[PDB]
């Protein structure tokens, strides 16, 4: 009956040690900060607590690509080969031809095996060399198949175009202009102050928190943020028209969904630049983040000025559905 009741109820059902939720509707914002960041040391979850965004990292990566595209530095049509010369991909007998768009919209056809390969930390290996000689499930652009590795390719493209590291580009193009002090793209295994411990469910919640994160996989999964920073993130998207032209235009382009793929009978939703676009009771724009030790969701309904973000320090399927529950509550008072 009450939003706080809904959120609290979902959290204990999810069994996540820490849950952070921010909900804004029509310029009104409520925050829900629950649980403990570290169970062993009993450190309480606070506004300062840092979480891994997981797949919600893709929106930052995707926006930056759109910023480069907006500037004329890059185009969706551009062949992947110029940016990653070493990376050769094969569909059937012959090597496939790929574009920036294929990775942005997950029409690349990259195998599921690629996630494990990208997430595995390699002391010395580039993504192009890492993905070389891979066999595509389908011809590029034929279907939409979600692969986390696609946005790792985009990270490499961003580095190639800019001549800078991914962390530097993220800071210069996004977090500094947006004023997000706590948001950072990690270089690798460097300790982060205030970062929550990560728990992997099953059988009970045990910690898998500290092992080096793969640098190559950061654009897809390892951007780090706080609840207040994600509020700023949500506010910028909702008030994108207030921003500088390049950033504003890039944001509009980032929300444009790729309609040139087959749609399922029960799913006609489109993928944009690190976002899912649903017209039903929409526009409804969302993405979930799922990591081994972290889970998150974000949902935006711009027409009613609705922004929802949830951050948790355990991987839970319920957390992914959590933004949808809150949106239901806002839309019809039910869930």
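Positions refer to the first chain, counted from 1.
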(message) Mean Cα B factor from the PDB record: higher for 111-119, or higher for 153-161?
(response) 111-119
(request) Determine, for stretches 235-243 and 176-184, which one has the higher mean CA B-factor as deposited. (result) 235-243
(request) Select one of 222, 83, 255, 166: the residue whose C-alpha shows the highest B-factor in the crystal structure entry. (result) 83
(message) I'd like to know which of 194, 259, 129, 197 has the highest C-alpha temperature factor in the PDB entry.
(response) 129
(message) Test of reading the entry: by CA B factor among the chain's modelled residues, which third contains residue 12?
(response) highest
(message) Lowest, middle or highest third: which one holds residue 148 when the chain's residues are ordered by CA B-factor from the entry?
(response) middle
(request) Would you please rank residue 3 by its C-alpha temperature factor against the other modelled residues of its chain and give the third it falls in: lowest, middle or highest? (result) highest
(message) Among the modelled residues of this chain, does the Cα B factor of residue 230 put it in the lowest, middle or highest third?
(response) lowest
(message) Test of reading the entry: by CA B factor among the chain's modelled residues, which third contains residue 278?
(response) lowest
